Amino acid sequence: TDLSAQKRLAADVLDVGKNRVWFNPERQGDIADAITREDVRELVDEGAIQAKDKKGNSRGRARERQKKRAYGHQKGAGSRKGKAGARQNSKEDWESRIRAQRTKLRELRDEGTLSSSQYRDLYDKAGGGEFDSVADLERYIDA
Amino acid sequence: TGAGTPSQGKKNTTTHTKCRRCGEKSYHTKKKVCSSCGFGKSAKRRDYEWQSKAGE
Amino acid sequence: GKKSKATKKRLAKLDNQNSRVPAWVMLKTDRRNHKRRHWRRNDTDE
Amino acid sequence: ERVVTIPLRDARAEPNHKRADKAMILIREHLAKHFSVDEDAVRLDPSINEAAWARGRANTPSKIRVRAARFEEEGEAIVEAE
Amino acid sequence: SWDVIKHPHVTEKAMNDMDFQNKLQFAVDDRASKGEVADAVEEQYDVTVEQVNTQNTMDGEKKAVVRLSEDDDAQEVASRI
RNA sequence: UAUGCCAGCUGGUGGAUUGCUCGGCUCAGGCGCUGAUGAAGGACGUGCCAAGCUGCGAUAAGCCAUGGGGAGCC
RNA sequence: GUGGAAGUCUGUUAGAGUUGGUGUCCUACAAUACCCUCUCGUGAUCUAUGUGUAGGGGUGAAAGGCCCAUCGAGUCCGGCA
RNA sequence: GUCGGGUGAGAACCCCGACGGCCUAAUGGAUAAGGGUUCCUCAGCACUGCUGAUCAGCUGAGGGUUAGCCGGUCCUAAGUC
RNA sequence: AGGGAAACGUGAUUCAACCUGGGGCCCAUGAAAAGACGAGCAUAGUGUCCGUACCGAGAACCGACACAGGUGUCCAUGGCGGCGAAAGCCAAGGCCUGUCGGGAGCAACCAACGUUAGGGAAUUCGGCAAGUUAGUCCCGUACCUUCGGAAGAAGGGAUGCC
RNA sequence: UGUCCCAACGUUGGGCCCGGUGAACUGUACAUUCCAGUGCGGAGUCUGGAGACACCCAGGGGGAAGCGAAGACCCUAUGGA
Ligand SMILES: [Cl-]
Ligand SMILES: [Cl-]
Ligand SMILES: [Mg+2]
Ligand SMILES: [Mg+2]
Ligand SMILES: [Mg+2]
Ligand SMILES: [Mg+2]
Ligand SMILES: [Mg+2]
Ligand SMILES: [Mg+2]
Ligand SMILES: [Mg+2]
Ligand SMILES: [Mg+2]
Ligand SMILES: [Mg+2]
Ligand SMILES: [Mg+2]
Ligand SMILES: [Mg+2]
Ligand SMILES: [Mg+2]
Ligand SMILES: [Mg+2]
Ligand code: NA
Ligand code: NA
Ligand code: NA
Ligand code: NA
Ligand code: NA
Ligand code: NA
Ligand code: NA
Ligand code: NA
Ligand code: NA
Ligand code: NA
Ligand code: NA
Ligand SMILES: [Sr+2]
Ligand SMILES: [Sr+2]
Ligand SMILES: [Sr+2]
Ligand SMILES: [Sr+2]
Ligand SMILES: [Sr+2]
Ligand SMILES: [Sr+2]
Ligand SMILES: [Sr+2]
Ligand SMILES: [Sr+2]
Ligand SMILES: [Sr+2]
Ligand SMILES: [Sr+2]
Ligand SMILES: [Sr+2]
Ligand SMILES: [Sr+2]
Ligand SMILES: [Sr+2]
Ligand SMILES: [Sr+2]
Ligand SMILES: [Sr+2]
Ligand SMILES: [Sr+2]
Ligand SMILES: [Sr+2]
Ligand SMILES: [Sr+2]
Ligand SMILES: [Sr+2]
Ligand SMILES: [Sr+2]
Ligand SMILES: [Sr+2]
Ligand SMILES: [Sr+2]
Ligand SMILES: [Sr+2]
Ligand SMILES: [Sr+2]
Ligand SMILES: [Sr+2]
Ligand SMILES: [Sr+2]
Ligand SMILES: [Sr+2]
Ligand SMILES: [Sr+2]
Ligand SMILES: [Sr+2]
């Protein structure tokens with residue numbers, strides 16, 4: 001008996017890769033008589049032909065690592081491979097920071113806390129890279 | 001890269017094809033001229049006396 | 001490639017010619033398609 | 001029918017990446033000899049196959065306890081793990 | 001003068017098209033158009049042609065798949081020749 | 001006496017030789033233009049079964065007439 | 001601080017190339033191949049297809065290099081015995 | 001690759017299962033050129049296949065490519081006639 | 001509608017495709033034409049002709065071959081990893097045909113390669129071959145210089161896990 | 001730092017034996033040679049001695065002025081480019 005053609009029909013009827021179809025060892029004779037796709041579907045319902053399950057990579061070990069790192073662990077000098085600017089894009093960081101400082105200054109102004117004159121002065125200083133962060137900006141405003 | 005075997009792999013261009021007028025595979029589909037019968041070049045049929053021994 | 005209608009007619013003819021000499025021709029002549037071609041070993045025209 | 005322990009230390013003579021194979025041969029030769037039968041008559045149950053190939057093709061167990069039965073007119077053996 | 005219909009193309013696949021989809025298949029002159037095939041068929045077997053599909057075969061001939069109307073029964077037509 | 005040398009015998013292999021000739025080669029005489037009324041050539045078809053050659057052209061190894069010929073033919 | 005230039009750097013990214021081993025091969029896997037090392041990799045970059053230039057003529061960042069395994073004058077047949 | 005089994009006159013290499021492995025810009029998927037039936041089925045093993053063969057891109061015999069809306073077809077490019 | 005044995009989700013982050021903007025460069029300026037929009041709606045009819053299989057490669061292409069060569073495109077967002085389209089391992093998918101096997105602790109010799117005490121380039125035309133160093137962070141860095149560079153100069157320290 | 005002193009042990013694939021498949025190079029003849037001599041002065045084959053029972057396996061290559069290519073050097077030709 002030679003069942004390779006049936007393997008191809010089976011993979012198509014079961015919608016799976018040929019490498020995943022399973023033919024019951026004790027039914028080679030019946031599967032061998034399977035000519036049409038209907039003959040295959042039939043044998044499938046009988047359970048003589050089945051589709052082996054596919055694999056998915058476990059992400060458990062990954063998740064535990066993701067947690068240590070999110071918590072700030074497992075990132076000492078000995079675990080870094082990329083250059084500093086590669087681990088954190090500096091221009092990207094500046095965009096993050098400067099936008100945060102401008103959103104801050106914009107809220108203080110609408111909230112009447114800053115005159116458009118004090119706001120302008122602080123805005124130009126932020127854009128000039130005067131403040132390391134929001135907290136640093138607030139600390140400055142508090143004289 | 002050698003001029004021999006390695007350069008033979010790049011050859012997948014079609015040039016000479018079955019000729020409409022004479023039937024030989026000599027109709028250059030790029031020049032649109034048959035190198036065997038002259039189709040595309042002349043109304044007269046390509047012919048030369050050097051295609052045979054001088055006294056024959 | 002892309003074949004034209006004519007090319008296709010010529011290819012088809014080549015396929016047809018590429019067949020056995022009928023058995024009866026053997027008997028009648030009391031004992032070879034000298035033009036048997038193989039797609040791989042040979043090369044057709046065009 | 002009896003239980004025997006096959007030493008597979010001679011698989012070490014074959015190259016490392018193919019010890020599993022050589023093992024399956026030693027097993028058949030051992031039973032053929034100790035049960036006085038032709039190697040062609042010795043039947044190895046897949047259980048034995050999976051035991052020898054457990055750690056891949058290069059890492060065979062140094063021994064293997066095997067349960068083998070002998071019988072029939074021409075004389076044959078049937079073997080399996082334990 | 002070349003005729004349109006050469007002969008019925010009879011093969012397993014043809015029988016199915018005839019039993020299941022009321023279609024008849026013919027070997028026809030490769031110069032014939034879909035319309036010329038429909039007309040020719042209607043005038044040879046007195047039936048109504050709904051659709052015609054064509055194919056220039058690797059045998060140098062043209063094959064046409066003619067679907068008849070629901071009023072005509074492919075099986076019965078093919079069976080009278 | 002193994003491996004083996006020289007010669008022959010029986011049987012192979014091989015296709016020389018001899019015989020045979022549907023093919024060549026050369027000479028002599030005769031004859032001698034075809035095509036838009038589409039030539040020559042080529043392509044693709046064409047047979048009950050049909051690959052090659054030959055013939056033929058969707059009327060497709062063939063159709064019609066006159067004369068010859070003759071009980072066979074495809 | 002911002003910005004992100006460059007015949008700019010690292011890079012077997014794709015891709016291109018080939019310094020050394022004078023390694024393997026050398027009736028070969030191959031009439032120019034295999035492996036490691038090595039060089040280039042935003043540009044005078046690399047690449048596909050189409051297209052043009054023809055033999056004392058092309059094409060040549062020039063080596064007499066290349067013009068279908070052949071070029072200090074291609075190939076085919078003829079002159080030609 | 002190995003152990004069982006299937007078919008067969010015949011099985012290391014044709015098929016089933018299990019176990020063991022290989023490939024991740026590829027050893028996966030879709031395709032251009034080019035090839036031209038190599039595609040599918042049945043029946044085969046004289047030929048072809050780096051051994052064998054029940055197998056096959058091999059041999060015999062049949063079958064298979066269906067479009068208003070996917071390409072061509074239309075436009076013009078370097079450029080050609 | 002369909003599809004699924006079943007459930008037949010809801011939110012979020014990072015966001016290829018695709019959409020739309022801002023900036024900069026040129027002794028370099030980055031096609032054309034057909035067509036389309038501009039220019040409504042109903043119903044009906046017509047829409048012919050040619051291609052369509054398969055391979056697309058360590059056996060379907062070219063290389064005399066079932067040749068370790070050569071041969072364009074897109075899949076560039078599958079998981080861990082890490083700067084990464086890197087390595088390594090693993091999915092989906094494919095394969096056991098980069099197609100002869102059996103046997104000898106399997107000798108000499110050869111091809112690739114691992115480990116070598118003490119000495120440490122004595123070897124050699126020549127450190128050829130092999131090796132040494134190595135990723136990232138911190139400190140620190142000479143001569144010379146066209147002030148750009150030299151520079152990762154050199155040299156020193158750190159590096160896991162919880 | 002096995003480049004060396006100075007080599008060793010080990011790994012994988014070959015090598016060796018078995019089944020199957022199955023070429024090519026090369027061949028005036030003879031041929032078990034060795035030491036001297038002789039000879040167109042560079043001999044397995046001539047002369048004189050010596051040695052020599054036949055066959056087979058594995059080996060590294062001393063010789064056959066080994067095989068491969070009508071010497072690319074040099075000269076000659078009332079040769080070529
Ligand atoms: Cl297309
Ligand atoms: Cl913007
Ligand atoms: Mg910056
Ligand atoms: Mg056929
Ligand atoms: Mg292994
Ligand atoms: Mg169509
Ligand atoms: Mg080009
Ligand atoms: Mg079969
Ligand atoms: Mg192969
Ligand atoms: Mg040492
Ligand atoms: Mg010295
Ligand atoms: Mg070195
Ligand atoms: Mg000479
Ligand atoms: Mg000279
Ligand atoms: Mg001269
Ligand atoms: Na071919
Ligand atoms: Na027909
Ligand atoms: Na005449
Ligand atoms: Na015929
Ligand atoms: Na600046
Ligand atoms: Na190199
Ligand atoms: Na010339
Ligand atoms: Na990733
Ligand atoms: Na095989
Ligand atoms: Na060593
Ligand atoms: Na020697
Ligand atoms: Sr070059
Ligand atoms: Sr190459
Ligand atoms: Sr090409
Ligand atoms: Sr012309
Ligand atoms: Sr002439
Ligand atoms: Sr070929
Ligand atoms: Sr056919
Ligand atoms: Sr650069
Ligand atoms: Sr060199
Ligand atoms: Sr090396
Ligand atoms: Sr070489
Ligand atoms: Sr680089
Ligand atoms: Sr870049
Ligand atoms: Sr050349
Ligand atoms: Sr001549
Ligand atoms: Sr046989
Ligand atoms: Sr097939
Ligand atoms: Sr975004
Ligand atoms: Sr297709
Ligand atoms: Sr593909
Ligand atoms: Sr390839
Ligand atoms: Sr898989
Ligand atoms: Sr094989
Ligand atoms: Sr050790
Ligand atoms: Sr030295
Ligand atoms: Sr020295
Ligand atoms: Sr350091
Ligand atoms: Sr003598
Ligand atoms: Sr030897």
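Sequential numbering from 1, following the chain as shown.
Determined via X-ray crystallography, 2.2 Å.
The backbone N, Cα and C atoms fix where each Cβ goes, and this holds for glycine too.
Features as listed in Swiss-Prot:
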- B:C19, B:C22, B:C34, B:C37: Zn(2+) binding site (BINDING)
- B:19-37: zinc finger (ZN_FING)
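Shown for the zinc finger (B:19-37): DSSP residue counts in helix, strand and coil, namely 0 helix, 6 strand, 13 coil. With the fewest other C-beta atoms within 10 Å around its C-beta, B:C22 stands out among the binding-site residues B:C19, B:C22. Note: none of the binding-site residues B:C19, B:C22, B:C34, B:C37 has a C-beta at a distance under 8 Å from a chain C C-beta. Less than 6 Å separates the Cβ from ligand 31 in the case of none of the binding-site residues B:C19, B:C22, B:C34, B:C37. Cβ packing within 10 Å was compared across the binding-site residues B:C34, B:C37, and the lowest neighbour count falls to B:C37. Taking the mean position of the Cβ atoms of B:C19, B:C22, B:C34, B:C37 as the Zn(2+) site, the remaining residues of that chain whose Cβ falls within 8 Å of it are B:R20, B:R21, B:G23, B:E24, B:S26, B:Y27, B:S36, B:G38, B:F39, B:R46.
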